[PDB]
Structures are given as structure tokens and as C-alpha cells.
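Notes to accompany the following structure.
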Amino acid sequence: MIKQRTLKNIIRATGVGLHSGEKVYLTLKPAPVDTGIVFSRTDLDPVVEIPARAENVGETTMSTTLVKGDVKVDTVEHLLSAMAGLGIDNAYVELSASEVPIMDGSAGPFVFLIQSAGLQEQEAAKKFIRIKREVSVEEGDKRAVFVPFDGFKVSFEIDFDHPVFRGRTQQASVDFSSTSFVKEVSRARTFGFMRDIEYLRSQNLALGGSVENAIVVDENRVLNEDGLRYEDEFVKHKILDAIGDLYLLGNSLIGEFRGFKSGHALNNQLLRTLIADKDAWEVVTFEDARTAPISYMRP
Ligand SMILES: CS(=O)(=O)CC[C@@H](N)C(=O)Nc1cccc(OC(F)(F)F)c1
Ligand SMILES: [Cl-]
Ligand SMILES: [Mg+2]
Ligand SMILES: [Zn+2]
């Protein structure tokens, strides 16, 4: 049977909150079968646990935030992308503050942390959600859709005026496995637009934001092409974000996601629309590994 996975070891890291600019202490811990990913705010008394589930997503701009009452965890998308990428079913994520550390602005540092802690197979069937019927949402001319597909395919197109994009759209698609996630998408940084970052900095926001965690762009271009890791890196980052957002399903997905100018808000609308549409998906488990669609990093 394809087994559920947790971490083999407790593993700690330190980084800066993207908005706070202050140190955050991150602890990844093993968790029992059927826990899913649980964020835990250990700076609070009592401790506040928020399951990484679609229903717990708060309404925020340009990042995925989890909310329980007045308590929040900001910027969960990159860590959840790494958890999805290496097939981590079950873990506690402890934080000293309301933000996941931004690290280098990709999932790379998180992949290194999870890899290094090691993958522990657990004595329970891994549950997958198989898309059974097409589900789409539209907002203006933005679109996000799931369709049935035997695998995990994530496709994305973006279209912007800014001269950095050279008058054209950026398109990319990943046929997802642990290997293709790590290689094609995991280190992709987003564009930090100088005009936007300066505006946020005047409000004592994005204090942790810099060339260390974004590709900085001026009125016309990437200032340092040196800092680029991929072609069409911006859309490859959109795929990274999506994989992290789609993991708020609480299980590995079997089907195809196509995003047209989508983002965290519309991804979350699609997710919640799919969950509410009970005949459009089913939970499956696999007794013979060799007939499962998705390749994951061997433990
Ligand atoms: C733009 S998006 O829709 O792709 C969403 C991107 C979002 N997931 C993200 O990674 N933002 C991000 C990362 C590092 C720095 C930063 O702030 C800075 F540096 F830009 F201010 C912002
Ligand atoms: Cl479409
Ligand atoms: Mg239906
Ligand atoms: Zn991102």
C-alpha cells in the first residue's frame, strides 16, 4: 500500500518574517497518521493550532494566510509547496510569530529542511483526492479550473502590462513528481517590483523583503539577470504557489489545474468550490504502489 509520510526527525530553522523583518523560529515535527499539516503558534499561551485546510484561509492579498479567530499564520504557500512536493502527509509546523520565515522566497530551503529531517513512512494508507468532474471559477477574465487527469498536472498563464514581460504572456506546465517539483519549480522566486516594495516600506511593511528573497524589477526590467534561476521564473513561481495552495486540500491531488491570471485568492475560490462539489471528487487509496499515478521521493 502507498503509505502516509511524516518527518523522521524534529528539524529547526531561523529566518525573517517578510513583513516584520524580525527573526522567526520554525520547528518541523513528526505527527501521527491523519493529522495533516498543522501550523502551531507556540509564542501564544495557550498554544493556537490551525490546520492547513482551505476553510481556514483568510482573505488577504498576494500571500496565503491561515486564520483561527484573531490568530493568523501568514505566507504558508512556500512551505506547503515543499510538503506537497516531497509527499509529507502529516507534520506540526511550530512558529514563534504570525509569519512563516520568507527564507530565499522559494521552496528550496524548505525542501532542504524536509529532505534533511528524512521521510518516515507510517502504517496507514495515503489518501489521494481524484478529480472526477470539471470545476471552474472565473473572476473577471481570470480563470482557474480542475479537470480529470491521471496524474498531477499544474499549468499556468499570466499576462501583465509591465515592460519586464516584453509585451508577451508567460506560460508553463509541470507534470508533477517529487523530481520535477525540486528541479523545475522549487527554487523559483517571484518578481519584487521596486515601486510596490518602496510603497510597502513607507508603511513599515515588507521589512524582510529584498534582493535576497525576490527578483527586483524597476520600471522596465530585472535589475540583476544574475539572480534569475529559470526562464519564465515568474510563472514557475505561480506554479510553486499553486501547488502549496492546492495542498490546503489536505491530500495529494490526482487531476489537472489550469490557471489563467490566477493567484492565491482565486486558487482558494477554486479549492473551496471543488470541496463543496461532492460528486466532482473522491478519496482513493492504492494497495499496489506500481499502479499509482504520482512519483514521490523515495524514503
Ligand atoms: C506575485 S505572486 O502572485 O506571484 C505572489 C507571490 C507570493 N507568493 C510571494 O512569494 N511573494 C513574495 C516573496 C518574497 C518577497 C516578497 O516581497 C517583496 F520582496 F516583493 F516585497 C514577496
Ligand atoms: Cl481554461
Ligand atoms: Mg457536482
Ligand atoms: Zn510565492
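If you're wondering about the labels, chains in the C-alpha cells are A, B, ... by order shown, residues count from 1 in each chain, ligands from 1 in order shown.
A distance search around ligand 3 (12 Å at most, only C-alpha atoms and all ligand atoms) returns the following protein and nucleic acid residues: residues 131, 132, 133, 134, 135, 136, 273, 274, 275, 276, 277, 278, 279, 280, 281 and 282 of chain A.
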Exercise. Skip region 188-202 of chain A itself and residues of its chain fewer than 3 positions away, then list as a list in words all residues within 7 Å of it, counting only C-alpha atoms.
Key: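 Listing them by chain and then by number gives residues 105, 106, 185, 205, 206, 207, 213, 214, 215, 216, 217, 218, 229, 233, 234, 236 and 237 of chain A.
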Within 12 Å of residue 168 (chain A), counting only C-alpha atoms, which residues show up once you throw out same-chain ones fewer than 4 positions away? Write them as a PDB file with N, CA and C atoms, in the first residue's frame, please.
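Listing of result.pdb after writing:
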```pdb
ATOM      1  N   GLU A 157      -0.801  30.406 -16.963  1.00  0.00           N
ATOM      2  CA  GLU A 157      -0.526  31.527 -17.879  1.00  0.00           C
ATOM      3  C   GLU A 157      -0.765  32.809 -17.100  1.00  0.00           C
ATOM      4  N   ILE A 158       0.128  33.761 -17.264  1.00  0.00           N
ATOM      5  CA  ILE A 158      -0.021  35.122 -16.703  1.00  0.00           C
ATOM      6  C   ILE A 158       0.171  36.088 -17.863  1.00  0.00           C
ATOM      7  N   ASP A 159      -0.424  37.261 -17.726  1.00  0.00           N
ATOM      8  CA  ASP A 159      -0.406  38.337 -18.751  1.00  0.00           C
ATOM      9  C   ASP A 159      -0.434  39.682 -18.019  1.00  0.00           C
ATOM     10  N   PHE A 160       0.637  40.456 -18.127  1.00  0.00           N
ATOM     11  CA  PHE A 160       0.787  41.771 -17.451  1.00  0.00           C
ATOM     12  C   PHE A 160       1.322  42.806 -18.433  1.00  0.00           C
ATOM     13  N   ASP A 161       1.017  44.085 -18.170  1.00  0.00           N
ATOM     14  CA  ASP A 161       1.448  45.264 -18.974  1.00  0.00           C
ATOM     15  C   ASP A 161       2.941  45.533 -18.776  1.00  0.00           C
ATOM     16  N   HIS A 162       3.465  45.255 -17.581  1.00  0.00           N
ATOM     17  CA  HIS A 162       4.790  45.779 -17.186  1.00  0.00           C
ATOM     18  C   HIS A 162       5.782  45.400 -18.276  1.00  0.00           C
ATOM     19  N   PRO A 163       6.654  46.340 -18.696  1.00  0.00           N
ATOM     20  CA  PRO A 163       7.661  46.056 -19.721  1.00  0.00           C
ATOM     21  C   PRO A 163       8.582  44.877 -19.396  1.00  0.00           C
ATOM     22  N   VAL A 164       8.724  44.455 -18.139  1.00  0.00           N
ATOM     23  CA  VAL A 164       9.609  43.286 -17.831  1.00  0.00           C
ATOM     24  C   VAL A 164       9.156  42.070 -18.667  1.00  0.00           C
ATOM     25  N   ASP A 232      11.222  32.110 -17.636  1.00  0.00           N
ATOM     26  CA  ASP A 232       9.807  32.294 -17.235  1.00  0.00           C
ATOM     27  C   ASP A 232       9.696  32.023 -15.727  1.00  0.00           C
TER      28      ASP A 232
END
```
Quiz prompt | Minimum-distance residue to residue 26 (chain A), chosen among A:96, A:81, A:65, A:155 (using only C-alpha atoms) | solution =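 Among the listed residues, the smallest separation from residue 26 (chain A) belongs to A:96.
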Quiz item: Please, which residues have at least one atom within 7 Å of an atom of ligand 2, using only C-alpha atoms and all ligand atoms, listed as a list in words?
Solution: residues 143, 145 and 258 of chain A
Quiz item: Given the choices A:114, A:107, A:44, A:54, which gets closest to ligand 4 if the distance is worked out from only C-alpha atoms and all ligand atoms?
Solution: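 For ligand 4, the nearest of the candidates is A:107.
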Residues near residue 118 (chain A), anyone? I mean within 8 Å using only C-alpha atoms, not counting same-chain ones fewer than 5 positions away, as a PDB file with N, CA, C and O atoms, in the first residue's frame.
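Just written: around09.pdb:
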```
ATOM      1  N   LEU A   7       7.740  13.429   8.981  1.00  0.00           N
ATOM      2  CA  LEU A   7       9.199  13.640   9.144  1.00  0.00           C
ATOM      3  C   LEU A   7       9.795  12.531  10.029  1.00  0.00           C
ATOM      4  O   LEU A   7       9.087  12.057  10.949  1.00  0.00           O
ATOM      5  N   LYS A   8      11.061  12.162   9.796  1.00  0.00           N
ATOM      6  CA  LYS A   8      11.817  11.182  10.612  1.00  0.00           C
ATOM      7  C   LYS A   8      12.344  11.849  11.886  1.00  0.00           C
ATOM      8  O   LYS A   8      12.723  11.130  12.804  1.00  0.00           O
ATOM      9  N   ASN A   9      12.467  13.172  11.879  1.00  0.00           N
ATOM     10  CA  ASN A   9      13.189  13.934  12.919  1.00  0.00           C
ATOM     11  C   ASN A   9      12.552  15.308  13.095  1.00  0.00           C
ATOM     12  O   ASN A   9      12.050  15.888  12.096  1.00  0.00           O
ATOM     13  N   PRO A 299      11.812   7.295   0.341  1.00  0.00           N
ATOM     14  CA  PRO A 299      12.326   7.488   1.698  1.00  0.00           C
ATOM     15  C   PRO A 299      13.744   6.916   1.859  1.00  0.00           C
ATOM     16  O   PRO A 299      14.152   5.941   1.213  1.00  0.00           O
TER      17      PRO A 299
END
```
Quiz item: In Å to one decimal, how far is CA of residue 46 (chain A) from CA of residue 68 (chain A)?
Solution: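 Going from CA of residue 68 (chain A) over to CA of residue 46 (chain A) covers 13.3 Å.
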Quiz item: Where does DSSP see strand (DSSP E) in region 108-138 of chain A, if you list the residues as a list in words?
Solution: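 Filtering region 108-138 of chain A to strand (DSSP E) leaves residues 119, 120, 121, 122, 123, 124, 125, 128, 129, 130, 131, 135, 136, 137 and 138 of chain A.
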